[PDB]
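As you go down the protein sequences, you meet chains P and G in turn.
For the first sequence, full-length UniProt numbering assigns the number 8 to the initial residue and increments by one for each residue that follows.
For the second sequence, full-length UniProt numbering assigns the number 8 to the initial residue and increments by one for each residue that follows.
C-beta: ideal position from N, C-alpha, C; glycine also.
Number of protein chains: 2
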Amino acid sequence: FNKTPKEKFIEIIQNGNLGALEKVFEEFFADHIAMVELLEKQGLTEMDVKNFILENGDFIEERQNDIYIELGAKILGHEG
Amino acid sequence: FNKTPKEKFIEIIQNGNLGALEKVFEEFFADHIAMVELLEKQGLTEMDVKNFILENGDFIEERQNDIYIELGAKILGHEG
Numbered sequence: 008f009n010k011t012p013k014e015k016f017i018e019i020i021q022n023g024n025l026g027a028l029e030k031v032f033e034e035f036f037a038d039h040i041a042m043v044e045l046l047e048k049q050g051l052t053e054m055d056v057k058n059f060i061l062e063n064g065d066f067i068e069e070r071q072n073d074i075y076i077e078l079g080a081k082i083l084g085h086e087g
Numbered sequence: 008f009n010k011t012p013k014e015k016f017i018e019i020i021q022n023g024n025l026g027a028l029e030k031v032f033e034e035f036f037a038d039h040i041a042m043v044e045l046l047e048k049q050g051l052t053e054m055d056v057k058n059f060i061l062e063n064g065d066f067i068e069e070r071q072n073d074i075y076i077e078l079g080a081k082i083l084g085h086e087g
């Protein structure tokens with residue numbers, strides 16, 4: 008209302024209990040790690056990742072909001 | 008000392024100021040998003056990602072600690 012999806016996600020993180028946050032971050036990080044391994048196995052690098060970001064700013068901004076929403080809902084619901 | 012890297016990262020998130028957290032999460036999420044796009048462009052899917060996780064548990068646990076450390080140091084230092 009008086010907050011962006013970003014601002015609301017941060018507030019959710021700041022006020023989350025340990026169990027809820029650990030469950031959500033563990034799985035998100037596991038995803039991250041797995042994607043790095045799958046990309047390297049493909050011969051793709053961190054540089055290709057950063058350049059994708061630098062060249063697709065509108066795409067990135069849109070998905071960032073969806074991620075703020077998704078992860079916040081998981082935390083407030085105690086999910087994974 | 009009396010805390011795991013996981014416990015210390017969570018404490019860091021919980022006590023972080025808005026600017027510090029937003030900067031660190033924005034870039035981490037941007038990375039995430041970019042890696043999803045690069046994997047799909049390769050014809051790799053979310054299912055391949057989850058199965059990687061399920062079959063490489065020791066690898067995942069080790070990297071998760073490194074991520075807890077890395078992101079916490081960025082937040083406590085106000086970095087990106």
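query: According to DSSP, is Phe-8(G) helix, strand or coil?
result: Looking at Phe-8(G) - three-state DSSP - the assignment turns out to be coil, as it is neither helix nor strand.
message: Residues in the same chain with beta-carbon distance under 6 angstroms from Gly-23(P), minus the five sequence neighbours each way, listed in chain order, please.
response: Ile-82, listed in sequence order.
Close Cβ partners of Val-31(P) (< 7 angstroms) along its chain, the five nearest in sequence each way excluded: Once the five neighbours on either side are set aside, the close Cβ partners of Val-31(P) are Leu-78, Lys-81, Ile-82 and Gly-87.
task: Can you tell me which of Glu-44(G), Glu-29(G) and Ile-17(G) puts its alpha carbon nearest to the alpha carbon of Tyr-75(P)?
output: Of the listed residues, the one whose Cα sits closest to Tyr-75(P) is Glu-29(G).
- prompt: Near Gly-26(P), what residues of its chain come up, given a Cβ to Cβ distance below 8 angstroms and the 5 sequence neighbours on each side ignored?
  reply: So the qualifying residues of the chain are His-85.
- prompt: Interface residues of chain P around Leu-83(G) at Cβ under 9 angstroms?
  reply: What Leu-83(G) touches in chain P, judged by beta-carbon distance under 9 angstroms, is nothing: the nearest beta carbon there is about 15 angstroms away.
task: Mind checking the segment 27-43 of chain P against chain G and listing, in chain order, the residues whose C-beta falls within less than 9 angstroms of any C-beta there?
output: Residues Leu-28, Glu-29, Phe-32, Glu-33, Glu-34, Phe-35, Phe-36, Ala-37, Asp-38, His-39, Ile-40, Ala-41, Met-42 and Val-43.
query: Do you know how far the Cα of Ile-17(P) is from the Cα of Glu-33(G)?
result: Annotation: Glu-33(G) to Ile-17(P) spans about 11 angstroms, alpha carbon to alpha carbon.
Residue interval of the alpha helix (DSSP H) (run including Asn-72(G)): Counting along the chain, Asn-72(G) sits inside the alpha helix (DSSP H) bounded by residues 64-83.
- request: Tell me whether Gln-49(P) sits in a helix, a strand or coil according to DSSP, three-state version.
  value: DSSP places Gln-49(P) outside both helix and strand once states are collapsed to three, so it counts as coil.
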